[PDB]
Protein chains: 2
Amino acid sequence: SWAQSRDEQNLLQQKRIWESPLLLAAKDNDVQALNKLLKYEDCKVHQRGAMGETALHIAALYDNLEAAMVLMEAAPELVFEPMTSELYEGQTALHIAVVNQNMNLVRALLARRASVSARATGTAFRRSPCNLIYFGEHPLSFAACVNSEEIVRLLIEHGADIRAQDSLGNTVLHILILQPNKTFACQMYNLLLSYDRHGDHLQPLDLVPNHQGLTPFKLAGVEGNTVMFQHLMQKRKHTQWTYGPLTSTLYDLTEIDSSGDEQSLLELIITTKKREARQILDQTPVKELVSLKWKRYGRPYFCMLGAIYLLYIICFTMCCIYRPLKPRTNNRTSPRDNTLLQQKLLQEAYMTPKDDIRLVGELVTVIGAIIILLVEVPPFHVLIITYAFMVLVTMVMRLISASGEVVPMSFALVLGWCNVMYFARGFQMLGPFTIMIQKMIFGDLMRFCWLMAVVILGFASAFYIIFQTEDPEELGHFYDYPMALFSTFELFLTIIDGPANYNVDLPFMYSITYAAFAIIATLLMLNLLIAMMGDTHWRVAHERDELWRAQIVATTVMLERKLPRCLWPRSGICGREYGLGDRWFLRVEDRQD
Amino acid sequence: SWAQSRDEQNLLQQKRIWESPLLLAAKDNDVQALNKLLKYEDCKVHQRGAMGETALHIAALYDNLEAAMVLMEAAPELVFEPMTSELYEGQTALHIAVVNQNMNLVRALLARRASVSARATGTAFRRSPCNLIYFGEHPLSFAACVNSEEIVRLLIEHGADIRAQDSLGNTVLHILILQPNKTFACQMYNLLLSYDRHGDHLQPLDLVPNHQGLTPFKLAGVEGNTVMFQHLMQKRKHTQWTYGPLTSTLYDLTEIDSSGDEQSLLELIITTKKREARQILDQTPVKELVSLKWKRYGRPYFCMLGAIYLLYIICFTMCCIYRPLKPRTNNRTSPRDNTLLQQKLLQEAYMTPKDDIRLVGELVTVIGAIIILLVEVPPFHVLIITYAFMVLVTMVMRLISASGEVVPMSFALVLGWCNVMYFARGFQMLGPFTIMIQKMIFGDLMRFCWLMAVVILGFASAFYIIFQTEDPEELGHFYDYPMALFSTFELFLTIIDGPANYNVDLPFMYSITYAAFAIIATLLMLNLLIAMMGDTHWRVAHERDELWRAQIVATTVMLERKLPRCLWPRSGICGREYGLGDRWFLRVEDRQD
């Protein structure tokens, strides 16, 4: 009900103007009606609309220069007049005539000396999904996005600063990147850099960060505007010789590669949620870098880390498949034929120097688990952190030496093995299968488990009530309700044989009810899930090399934030020896057509 | 870190020239700066670059005739000057001005009598995946690939030999085939054969082999350049009459068919790893040949060989399903309820003349196995060779008459049957299914088994530890760890019933842990593999008739290298009777449009 208040305040505009004879005459270009209305009788110029209108705004708004030409004699000051509030704050008609692509009142408003530094700080201008557009504050920023080139040139020649910023600190170059017209506004980026002319010592306007620290070049990758991003890259390259079809370009690589905690571009591509920002990875100075950062120094450190984790888990299972485990020298089986178990897990027997090997092997896991936690003092981290807890839980479970120590080990073990699937990504032709797991679970199953869980709560609740009458000595599939659900779930997945005795009679309802479950769930609801998961695999494998490439970048950056220098140099050829300065470049070779 | 050394040596070029005022003036075409720099003061001409530059090379390189015209007065000898080393060896500016498609300095370098036999024997010119291009040594070879026709004509008129060869012995015709521009360089093949003019008695330049014995025509099929390959075939045909829409062409078939150990084209298409070389098979003189070589003399010898192998295996199983096998007259079952077995396989009882049939039938397999090995004294050979070993192993296992003779027989038997899938290829509509096996195993499963083997090492290791407490008399699925893995694998593939007793209680962790395994592995990871293998079948069956055609060629050639003459004539109509010479041709008929 929030956007309703916008429209109520927008209908009132259509009401206040409709009830005022002045501003209704401001709508239609009836000069002769305005002559009798203004020049003859006295009328106030400050008739404020629903959110701060003037008639001079309305004549600007409904494409009326001719009405606005009448106003300038009566209104010397409404040129400077802003709009009041709550959608439109600080907006004046200088902003408005720009938005309507021209009026030539833009000339006349500057002939009345309109302030070009006025800030449209209203709610409707600030960046939001609720707003269909984002043009910033200053009217110079407005003319850029609408592509009115001479009107832009009319603004610089009247002293509009290109270096002006909004509430978010975005300059006008940042606003150009946010446009869905990509190549259509890309020419404006060429135009406005020609108006850098007074070189500021701070920046030459092309490196200016916002309040969240974004240069427009880094903003281009984060917003995924590849068409913008190529064109800014055309400036960044510095080519060497060409050799027939061969060409030696030399890309800049300053903001792209990691710097002295600059928070490089490759980080912010991964951390953002805009999926089309990962289209930046296929751009040719980027794609070569992360290939070079992987084929050297990325892959062998990763494979060295993988072999350690293998020997960690093998050391874990070996001290976990060997456990103390006395015979059940304690009490006899008190429920008949129920408590089949005989071990009950020894207390403090740390003798038998085979266990001294096990004592050493137990310490290796505990030491390695703390290392993971000492890393993680600040989708797989949640596994490896909780892996380490279940090691520490069963460590404290054995120090207290309490009873239920199988459940932390069973939690630790499957999570211990399945967390080497993290290491499968650095072995291309095995990379995107992890992504196939994630979309099938979190994107498909967790929006289809909710439907299947309904049906099992029908039939398992049914089958229990059918077999409340029966002796659970024969077909004990449904002796109690909690295991009745567990029985039906394996019947849903076609695991259990299906309860059928052939020795005694079955109740009459079961044969009806099970064949119902056979149709609706075994062939029907199950294969629908298989049809879902089959579509996801084909949807993933069509694009898998981009997705493997996204894994390498996410790993390499994560390898940087968890590993110091002196064994990782930063990639790219250094400058400073070849007369190139502090910028670390890289070159690449390409045959043409 | 190897290609880094190229770029360091390439940046130094951008440094040495940048620090030398001469060679920096060689970059930009400032004649007036060169006038004061050269004509006024003394400057050495031998200022060598990073790998052997001269200023005369640089002015040639950065498109500067006007700078190079200044140099020719001061440099009478740098026309002849090569580049020094390690990327560029023997390269001179005669090579360079060719690569820049023209300079008309090509006229002026020949006006200074440039040696057109100079060899660019550098590392960057030799054939490599590291090099983006391959142009050979001589500058005549350079002008051909870049398609500068008159510049080529300018080189023949100055005595450049067309018969020149590189380090690999490739002539310029071989270099044309290696170009990715296929029809764009195909016209050069027409041009240069016009310059065969002095007919050498060795070859007329169109049959010249390289150091690995490749005529350019055979190189065209090996490199898979079908567009080249059609055009060379246009020369090879010699058509007879045309009859309205009917046409009787008569193809040459000299290098294509097998010759006196020529190593024919059809061999080298199969033996190469470039997959697009198997696009040559669909070309119409080729495709007809291997069809004729199969429909006669290829299929019936293959079917005769298939029937023998059937009667071989039937003779094998019949003497292997009948085995000596005494009762266990030896020791009693020493572990209780464990060693259920009663045969222990008789020693030297070769009596009971039913076994004399078995003795003869045993010899038939041993004789046939040695025949395979006597063939293989020099993807299915590895099966049929190891098949023969497991026959010879169980042969020696019975001569020593040791105990464990079931394991060589079990190895021999499944490999004995599955090796008739080799014979399925000569039965079209059954051919490519073997290829469907190979891609599903070696191309899909062996890059997905590594992921599934992780998960079973989780759960089978888990389920053992859960059932360490339990009595293995009930649910003995996990009594020991080595068979615990074997239990879970069949649960992964939905084979075992799933362990559930309903008579005793289960431990609390199992119901949690098994349902985890039920979701993640039975429906999820399993069907992902089925989604992979389903995609491979559709990818194969879309193109299966080309792949069946590739099997016939691979079989027929292999049938030639393992079968003498006098029952295999070489295909194609012989010449020499019809005035056609020693070349064995073939004709074919085709209705037109």
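All residue numbers given for chain A refer to Swiss-Prot; the residues shown span 68-445, 464-678 in order.
Determined via electron microscopy, 3.6 Å.
Using N, Cα and C of the backbone, Cβ positions are placed for all residues, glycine too.
Annotation comment: Swiss-Prot describes A:566-585 as intramembrane segment. Listed by sequence, the residues of this chain that lie at least six past the ends of the intramembrane segment (A:566-585) yet keep a Cβ under 8 A from its Cβ atoms are 537, 540-542, 544-546, 548-549, 560, 591, 599, 602, 606-607, 610-611.
Here A:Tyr201 (phosphotyrosine) comes close to A:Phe192, A:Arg193, A:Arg194, A:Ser195, A:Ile242, A:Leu245: these same-chain residues lie at least six apart in sequence, with C-beta atoms under 8 angstroms from its C-beta. As annotated by Swiss-Prot, phosphotyrosine applies to A:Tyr201, with the evidence given as similarity to another entry.
For A:638-642, the entry in Swiss-Prot reads region 'Interaction with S100A10', with the evidence type similarity to another entry.
Secondary structure of the repeat 'ANK 3' (A:156-185) per DSSP, as helix, strand and coil residue counts: 14 helix, 0 strand, 16 coil. According to Swiss-Prot, the feature repeat 'ANK 3' maps to A:156-185, an assignment based on sequence analysis.
The annotation repeat 'ANK 6' is assigned in Swiss-Prot to A:279-308. The residues of the repeat 'ANK 6' (A:279-308), classed with DSSP into helix (H, G, I), strand (E, B) and coil, number 18 helix, 0 strand, 12 coil.
Outside the transmembrane segment (A:368-388), and at least 6 residues removed from its termini, the chain residues within Cβ reach (under 8 Å) are 425, 428-429, 431-432, 435, 476, 494, 497-498, 501-502, 504-505, 508, 511, 640, 644, 648, 653. According to Swiss-Prot, the transmembrane segment annotation covers A:368-388 (among others).
Feature annotation from Swiss-Prot assigns transmembrane segment to A:464-483 (among others); the stated evidence is a curator's inference. Tertiary proximity for the transmembrane segment (A:464-483) is limited to same-chain residues at least six positions away from its ends with a CB under 8 Å from its CB atoms, namely 383, 432-433, 436-437, 439-440, 443, 489-490, 493-494, 496-497, 500-501, 503-504, 507, 523.
Residues or ranges marked as transmembrane segment by Swiss-Prot on the basis of a curator's inference: A:490-509 (among others). Beyond the transmembrane segment (A:490-509), the same-chain residues lying 6 or more positions past its ends with a Cβ under 8 Å from any Cβ of the stretch are 369, 372-373, 376-377, 380, 383-384, 387, 412, 465, 468-469, 471-472, 475-476, 478-479, 482-483, 515-516, 518-519, 522.
Look at Swiss-Prot and you will find A:530-552 (among others) tagged as transmembrane segment, backed by a curator's inference.
Beyond its flanks by at least six residues, the transmembrane segment (A:597-617) meets 529-530, 533, 536-537, 540, 544, 547-548, 551, 573, 576-579, 583-584 of its own chain at Cβ-Cβ distances under 8 Å. What Swiss-Prot lists as transmembrane segment is A:597-617 (among others).
With DSSP classes pooled into helix, strand and coil, the tally for the region 'Interaction with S100A10' (A:638-642) is 5 helix, 0 strand, 0 coil. Tertiary proximity for the region 'Interaction with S100A10' (A:638-642) is limited to same-chain residues at least six positions away from its ends with a CB under 8 Å from its CB atoms, namely 325, 331, 333-334, 336-337, 348, 357, 360-361, 365, 369, 510-511.
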